[PDB]
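Undergrad: This one's experimental. Sequence and coordinates below.
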Amino acid sequence: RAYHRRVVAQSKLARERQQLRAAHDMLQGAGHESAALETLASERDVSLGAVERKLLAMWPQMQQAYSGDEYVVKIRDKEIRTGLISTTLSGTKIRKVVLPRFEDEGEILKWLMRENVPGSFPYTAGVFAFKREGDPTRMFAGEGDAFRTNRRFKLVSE
Amino acid sequence: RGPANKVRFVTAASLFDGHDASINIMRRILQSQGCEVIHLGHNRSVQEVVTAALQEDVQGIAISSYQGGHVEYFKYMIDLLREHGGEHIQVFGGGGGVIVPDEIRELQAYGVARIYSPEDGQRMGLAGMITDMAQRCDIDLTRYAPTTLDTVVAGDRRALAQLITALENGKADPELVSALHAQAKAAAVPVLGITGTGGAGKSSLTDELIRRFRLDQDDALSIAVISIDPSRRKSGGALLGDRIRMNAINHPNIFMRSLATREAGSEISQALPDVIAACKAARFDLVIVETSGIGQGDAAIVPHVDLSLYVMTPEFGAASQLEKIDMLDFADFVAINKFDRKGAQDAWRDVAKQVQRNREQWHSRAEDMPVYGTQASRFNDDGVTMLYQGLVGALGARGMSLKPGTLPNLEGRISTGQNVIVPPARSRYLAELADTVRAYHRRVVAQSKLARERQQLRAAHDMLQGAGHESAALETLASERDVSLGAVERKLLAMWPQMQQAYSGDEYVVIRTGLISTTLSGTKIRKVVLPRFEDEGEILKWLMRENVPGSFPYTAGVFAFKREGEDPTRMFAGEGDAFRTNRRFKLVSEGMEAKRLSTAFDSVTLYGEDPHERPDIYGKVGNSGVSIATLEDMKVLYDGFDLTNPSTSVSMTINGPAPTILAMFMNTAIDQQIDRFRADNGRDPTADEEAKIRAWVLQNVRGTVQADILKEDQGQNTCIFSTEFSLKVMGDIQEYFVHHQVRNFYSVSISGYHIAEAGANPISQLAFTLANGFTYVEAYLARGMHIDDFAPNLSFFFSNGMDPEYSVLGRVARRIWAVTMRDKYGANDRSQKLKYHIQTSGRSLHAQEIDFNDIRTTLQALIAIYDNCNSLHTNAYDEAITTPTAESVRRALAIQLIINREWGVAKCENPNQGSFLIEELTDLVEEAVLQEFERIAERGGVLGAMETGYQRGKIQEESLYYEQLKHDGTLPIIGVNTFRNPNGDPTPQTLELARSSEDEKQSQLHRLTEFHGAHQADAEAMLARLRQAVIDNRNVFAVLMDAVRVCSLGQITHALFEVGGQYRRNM
Amino acid sequence: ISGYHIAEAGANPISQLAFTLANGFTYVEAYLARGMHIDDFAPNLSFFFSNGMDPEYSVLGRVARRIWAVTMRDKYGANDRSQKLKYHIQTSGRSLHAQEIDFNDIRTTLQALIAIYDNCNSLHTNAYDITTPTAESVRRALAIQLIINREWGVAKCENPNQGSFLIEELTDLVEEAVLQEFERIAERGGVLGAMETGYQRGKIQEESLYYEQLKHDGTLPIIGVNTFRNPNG
Ligand code: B12
Ligand SMILES: Nc1nc2c(ncn2[C@@H]2O[C@H](COP(=O)(O)OP(=O)(O)O)[C@@H](O)[C@H]2O)c(=O)[nH]1
Ligand SMILES: C[C@H]1O[C@@H](n2cnc3c(N)ncnc32)[C@H](O)[C@@H]1O
Ligand SMILES: [Mg+2]
Ligand SMILES: [Mg+2]
């Protein structure tokens, strides 16, 4: 419950911060220069947590990742590429992971904190980035004495 | 490197069968492997196919039979072949799961070469079957050819057909050839040549001209037709597609042979003078020759014929082009066909003046030149008759005895067909619709940006005042955007908080509706879940693109909440006679307060024919649907069902004879209330009382009739009359509906299910269907009906498959309709609401591992209900093999019951909304559809595309692409191309089948002859009135409302044939 | 940590999820009190749930994943590998009925679907059968997964649940419902303290009776059982 209370609060901050800097750019576009707005904005940069501030910061970089036809991520000294696209008989590109199209940074942060993409805290949509290809369907066997159960094991797992 | 000999095939679909999807992909492989294929299209009787194969002298016959009655059909064919010198011709067949293993062994034992099961297709592959089929027919037919002319001259038409195969292959003896030409010279018979540009209408005009010859001379003329089509030297074989257009050649005095050019360039067979001479010697009264699509500077037909006819369309570009056309210099007659096209009038004046110049007849009038404006697509066109009158006079002088005609010896050169379905002014209507939608979305973006900025400003304004430093400069920019926002958009955001309070409580006050369903855990599941956005930009964007169910643009559904008792379930039904089906109705609608019936008719009724004793027909009676032939049958069908009851709706799936069937239904509904009155008062109603009853029934009667003819040409192939005539009568029905305020019945179910099952992917299905629907709209607008008068009578029908796009198919169709109907056509709320029926994909189910089909049918049923459909049909597990059994229909009916009652997520009515995947897919599909609108629009609209066969072309392409993959493996199908059974048997034991009883067939025959005897006096009189209704161009349906009381289905259909014409197949 | 038997015994999805997470957290507290480090036993803990027809089952997995991840991070300060709750889902066998055994494949399909949608780690599918697990019966069960994973279109997307207004609202509701049940167990002396009183056993028994009641009552429709029965038997 404490975690959720924070999501609400940090979202309100992230929202207000955007709304201020948005109005600041719109005032300068008309001629009026009021830096009083910027003072309230910078005031909320500190109010936002360290973790939350970096979440919104990596959001545009996050979008570019899940946009292409592949997903490049370098582990160790090499790399691990994963396909993002499966194409239908109609020729439609079905992305493996579909990202939101919010403009409100309040909604972005709220979504990133409550339901991030699969493979990211709090792992609501899954603990792994992408599903395994291929299967851990175990081979179950157990009847009679140890001899009979063994043979079944050896037979099935041949 | 094709076959050893010249291998020829005749391909077709069985009598009253529309299933061409199978046979079409076979004639494609046949053609590619190097076989000449004489394709006859769908709906062909044994008498037709055999006559064709015998005149073409082919080695093989390929038939698809999916309607059942295939055992009787093929037996008849085998018998008829042996009787008339075609025993050496091999017959191949296929019907998927319909033809069970036992029937295959029986038919193959009878004489059939090979019938392929779905399991055969899996083992052998698509190419494997055709390779096997071709290698069998790889035989030299020249051995059966006559060595002397004795047989041919005597009148033997089979010997003639074989002598041609000898002459064409150059295996005829030189002394025989010269002897043939010698007698051909003394024969002195006229040879009419018909040439012209590709697709101008050479075949269609030829057929019509022949019909004129038959009507004028009482079929006293023996006509020989030699049609030539270009052969692609790459493959080896060709697609001889001229015979498919010929409807008037079915008669003993008519003979037709299809020749391939067998050269990449020349538009004539290298043996054409030999073939012509062969026909001359066979004592034919006239020989007609059609060339292939020739260039402008081609005229190779001239030296081989006695008279030449150049066929063209009004589209030839500049008038200066006519000086380049070599054929205008030699042609004795010029036919400007397709005179219904734009610019036909001016086209005639250019060609007339050009022919006048070429002949140097300055002392003659340009209007007197032998240039004719014809419209072969139009039944009994006066233009074509004018051309015929000219040809007769010319053939008369050239030594051809003929009786004084019985036709209207009219005057003029130009057709007077002034009918138009869609005015050329509105030609790009589909393109305009695409713009309308895209324009709407552009506004959503703009208004959202404004609504967002407006909020951001006033938000910052309140935050500045909270700190002290105030700047009213912000408010000036805010108020600036209050005006920028539209009136409609401003009120949308204004009502948002009030909207939230409505869907928040336990009830919805308007009338009260419950919002909450509580789970076993005690969780409140709201019927409609609203978004929790803070950004007013997102709120407006959502309110404009996907409002709650029951609000524009009705993306999430046209109604606020789903029906309380009346579930969307509506099960397709029909088997045996009207009595048996009436039991199946009671079975499906058992335990349901709301009676939602769905009727399927047998192939004989679907083609407007009465049941008859001939094995062609008899075997199909009562199979694959209920056999309905008279009004008395229709009455029995719905006995016990109050049709005028508010909670009872009947959906009858019928296309070609739809107006006739509809009249039967209406009469049934009316007669029910007359009977109900007669019981509640113990007396017949007075003439005034009956008038009130009859009028009331028409207003309140609730149901649906499919009748979509635009999809018949494209998809289902149930169009029997001419395409234009069907659309004419379809409008008559809607006009009748408006006059009598029939506001509860859907005059047409604009469908795509059939287009989809033919092979079309979800995008194609949705696009084509919406396009067809919009075509009807444009058609009725040009016809002078208020948009709010017929738009609420339009029902839709779609198919749900496994493809991702099917998940959002319905919601896309709802938005495209709502937006266009509002912005473009300016219709009211009731019109903007697209209501549709969804049926699970039948082609997605298989004959192998039939238990798996329930899994697929479940998933398809789920996304249908999620996406808030209005009506749902569920397919049985034995879908591939038979019509649903009693046990089979319950498993199908349970799928809906389980999802609707047991399934948890389903307790919410908008579960799709919000989903990132759904919203993205919705946007993608929508735009994909719009782009397809534009493709059709640049082909002249839906009608213009159908003229080219664009839809049929694309559907068949997609069907092949799918099928190539299903056998391939690239597209996994569990239990079919992967995860096969270790046993290897698809339904190993004997499954129960839904066929019709012998007694049931004899019942229908006896009921019919009894009905006929009852109205024997008024029968001929009524039919005469019906034809006069078409001639005098009155309302056809209005007469049908009386006709179905004294006439049978077949009687009416054949009567209309004499005055409405027959459908011309389109490959 | 399993909860298959708890649900199969009659517990509704909220009770099942709550009790199971509670049991899991009990093991954590138990291991910690032996002076052990959290990152040494947490990543290995596996979970085992049941999927039925109830609405809550649709978001059962995602709720279990968040409650674990948040608590393991904030409360116990464990690492990334520990915050990841992996679980196996097996379709509800209780919902499978003797009458009209062909209908069970329909229910098992729907249950298998929401399991895969909600990105489970392991799935077992129940047969349509009563009798012994025939090799034919196990193929129909095994085909359900194959069809959804290979043929089904929506399944080509790995997060189709995300964004859905219904899913997000249900996720929030279930989560809080579980938290409240934590508090009920906590004021009974924890999981062990409750077991001493037979609280869990008591509540499972009550819910089982309530279900079995509405079923007989005709209030909870079961196709082929209390409604749409076999016309012959
Ligand atoms: C697609 C389809 C349609 C489409 C047709 C589209 C078209 N333009 O062809 C539509 C939706 C229009 C349709 C309508 C109807 N249909 Co339908 N349709 C089907 C369906 C789903 C598949 C048939 C198909 O096209 N298969 C694709 C082919 C390529 O594959 P296959 O059949 O497995 O064939 C393989 C081999 O056998 C081989 N083979 C097959 N034919 C041939 C031919 C040759 C020459 C060769 C060499 C090989 C060969 O090739 C394939 C290799 O893999 C079937 C059910 C099913 N799944 O079998 C019902 C089905 C055939 N239809 C049926 C019915 C009843 C109808 C209707 C009459 C319903 C009604 N009362 O209105 C209508 C009217 C049809 C008409 N107008 O005449 C019933 C038949 C009942 C019976 N005979 O006992 C079926 C079985 C469905 C059912 N269970 O009720 N239909
Ligand atoms: N609009 C229009 N179409 C026609 C007319 N006559 C024939 N057609 C169509 O044109 C197409 C080709 O006809 P076809 O006879 O095969 O021409 P051919 O290939 O040159 O012999 C078909 O779709 C016909 O229905 C006509 O008078 N008007
Ligand atoms: C064309 C589609 O129509 C359906 N269909 C055809 N005939 C019947 C019938 N008598 N009963 C039920 N469904 C039928 C099948 O689902 C098929 O795939
Ligand atoms: Mg032609
Ligand atoms: Mg031609």
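TA: Nice, thanks for sending it over. Residues are numbered from 1 along each chain as shown, chains lettered A, B, ... in the order given. Ligands and ions are numbered 1, 2, ... in the order given.
Undergrad: okay, CA-based contacts and neighbour counts for the rest of this
TA: Fine.
Undergrad: Could you give the number of residues near residue A:137?
TA: When neighbours are defined as other C-alpha atoms under 10 Å in any protein chain shown, residue A:137 has 8 of them.
Undergrad: give me every residue that touches whichever residue of chain A sits closest to ligand 5.
TA: Among the residues of chain A, residue A:90 lies closest to ligand 5, at 33.7 Å counting by C-alpha to the ion. Contact analysis of residue A:90 by C-alpha atoms under 8 Å, 6 or more residues apart in numbering or on different chains lists B:761-763.
Undergrad: Quick check: of the residues you listed, which has the highest neighbour count?
TA: When these are compared by neighbour count (other C-alpha under 10 Å), residue B:762 ends up highest, at 29 neighbours.
Undergrad: That one reaches residue B:805, doesn't it?
TA: Yes. The criterion here is C-alpha atoms under 8 Å, and residue B:762 meets it with residue B:805 at 6.2 Å.
Undergrad: Helices of the stretch 901-1050 of chain B, start to end?
TA: For the stretch 901-1050 of chain B, applying DSSP state H, counting those that start in this stretch gives helices covering B:916-937, B:941-948, B:950-968, B:998-1014, B:1019-1031, B:1036-1043, B:1049-1060.
Undergrad: so which of the ones you listed gets nearest residue B:194?
TA: Across the helices of the stretch 901-1050 of chain B, residue B:194 has its closest neighbour in helix B:941-948 (20.8 Å, C-alpha to C-alpha).
Undergrad: Could you point out which of the contacts of residue A:90 is nearest to residue B:872?
TA: Using C-alpha to C-alpha, these come closest to residue B:872 at residue B:762, 17.3 Å.
Undergrad: which secondary structure element contains residue 123?
TA: I went with chain A, as the question did not name one. For residue A:123, there is no helix or strand it lies in under DSSP states H and E.
Undergrad: actually chain B
TA: Residue B:123 is part of helix B:118-124, with elements assigned from DSSP H and E.
Undergrad: Just the C-alphas of that helix, formatted as CSV.
TA: What follows is helix B:118-124, C-alpha atoms only, in CSV (Å, rounded to 0.1, in the frame of the first residue of the first chain):
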residue,chain,number,x,y,z
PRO,B,118,-8.2,-33.9,-47.4
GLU,B,119,-5.8,-36.6,-46.2
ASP,B,120,-4.7,-37.3,-49.8
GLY,B,121,-4.0,-33.6,-50.2
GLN,B,122,-1.8,-33.7,-47.1
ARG,B,123,0.2,-36.7,-48.2
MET,B,124,0.6,-35.8,-51.9
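Undergrad: Would you mind pulling up the elements that whatever helix or strand comes next after it packs against?
TA: Going down the chain from helix B:118-124, the next helix or strand is helix B:126-137, by DSSP H and E. When contacts are defined as 3 or more C-alpha pairs under 8 Å, 6 or more residues apart in numbering or on different chains; DSSP states H and E, helix B:126-137 sits against helix B:21-32, helix B:118-124.
Undergrad: angle of helix B:126-137 against helix B:21-32?
TA: On the basis of axes from the mean of the first three to the mean of the last three C-alpha atoms, to 10 degrees, helix B:126-137 is oriented at 60 degrees to helix B:21-32.
Undergrad: Buried residues, the one helix or strand residue B:449 maps to. List them.
TA: Residue B:449 belongs to helix B:429-465 when elements are defined using DSSP H and E. For helix B:429-465, burial by neighbour count (16 or more other C-alpha atoms under 10 Å in any protein chain shown) applies to B:429-438, B:441, B:444, B:447-461, B:463-464.
Undergrad: what's the answer for stretch B:1054-1063, then?
TA: For stretch B:1054-1063, by 16+ other C-alpha under 10 Å, it's B:1054-1057, B:1059-1063.
Undergrad: Specify the local secondary structure of the residue of chain A closest to ligand 5.
TA: The local conformation at residue A:90, judged by DSSP: H, G, I helix; E, B strand; the rest coil, is coil.
Undergrad: Could I get the phi/psi values of it?
TA: Main-chain torsions, residue A:90, degrees, to the nearest 10: phi -90, psi -20.
Undergrad: The helix or strand where residue B:91 lies to helix B:126-137, inter-axis angle?
TA: Assigning secondary structure by DSSP H and E places residue B:91 in strand B:90-94. Orientation check (the same axes, to 10 degrees): strand B:90-94 against helix B:126-137 gives 160 degrees.
Undergrad: Strand B:90-94: what's the following helix or strand?
TA: helix B:101-110.
Undergrad: What helices and strands are in contact with that following helix?
TA: So helix B:101-110, by 3+ C-alpha pairs under 8 Å, 6+ apart, packs with helix B:70-83, strand B:114-116.
Undergrad: can you do 7 Å?
TA: Applying 3 or more C-alpha pairs under 7 Å, 6 or more residues apart in numbering or on different chains; DSSP states H and E, we find helix B:101-110 packed against no helix or strand.
Undergrad: what does it contact?
TA: Contact with helix B:101-110 is made by B:71, B:114-115, as judged by C-alpha atoms under 7 Å, 6 or more residues apart in numbering or on different chains.
Undergrad: for those, which one is nearest residue A:37?
TA: residue B:115 (81.7 Å).
Undergrad: what sits opposite the nearest residue to that closest one once chain neighbours are set aside in the beta ladder?
TA: Residue nearest to residue B:115 in three dimensions, not counting chain neighbours: residue B:93, with 4.6 Å by C-alpha to C-alpha, 6 or more residues apart in numbering or on different chains. Residue B:93 forms beta bridges with residue B:63, residue B:115, as assigned by DSSP bridges.
Undergrad: ok, residue B:93 touching residue B:60?
TA: No. Residue B:93 is not in contact with residue B:60 according to C-alpha atoms under 7 Å; the separation is 10.6 Å.
Undergrad: Looking at the two, which is more packed in?
TA: Shown here are residue B:93 and residue B:60; by other C-alpha under 10 Å, residue B:93 has more neighbours (27 against 23).
Undergrad: Return the residues in contact with that one.
TA: B:62-64, B:114-116.
Undergrad: residue contacts, the residue nearest the centre of chain B?
TA: Note on chain B: the residue nearest the mean C-alpha position is residue B:712, at 1.6 Å, using C-alpha atoms, centre = their mean. By C-alpha under 7 Å, 6+ apart, the contact set of residue B:712 is B:718-719.
Undergrad: could I get the buried residues of stretch B:1054-1063 as JSON lines with distance to ligand 3?
TA: Below are those laid out as JSON lines (distance: C-alpha to the nearest ligand atom, whole Å):
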{"residue": "B:1054", "distance to ligand 3": "25"}
{"residue": "B:1055", "distance to ligand 3": "28"}
{"residue": "B:1056", "distance to ligand 3": "27"}
{"residue": "B:1057", "distance to ligand 3": "27"}
{"residue": "B:1059", "distance to ligand 3": "31"}
{"residue": "B:1060", "distance to ligand 3": "28"}
{"residue": "B:1061", "distance to ligand 3": "27"}
{"residue": "B:1062", "distance to ligand 3": "24"}
{"residue": "B:1063", "distance to ligand 3": "21"}
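Undergrad: and residue 123, how many neighbours?
TA: All of this refers to chain A. Per other C-alpha under 10 Å, the neighbour tally for residue A:123 reads 28.
Undergrad: think we crossed wires, I meant chain B
TA: By other C-alpha under 10 Å, the residues close to residue B:123 number 12.
Undergrad: and if you look at the one 5 residues further on?
TA: Neighbours of residue B:128 under the rule other C-alpha under 10 Å: 15.
Undergrad: Which strand or helix spans the nearest residue to residue B:618 once chain neighbours are set aside?
TA: Distances taken as C-alpha to C-alpha, 6+ apart put residue B:612 closest to residue B:618, at 5.6 Å, once the chain neighbours are dropped. Residue B:612 belongs to no helix or strand when assigned by DSSP H and E.
Undergrad: swap in the one 10 residues further on?
TA: Element membership of residue B:622, judged by DSSP H and E, is empty: it is in no helix or strand.
Undergrad: Relative to chain A, how far out is it?
TA: 37 Å (C-alpha to the nearest C-alpha, to the nearest Å).
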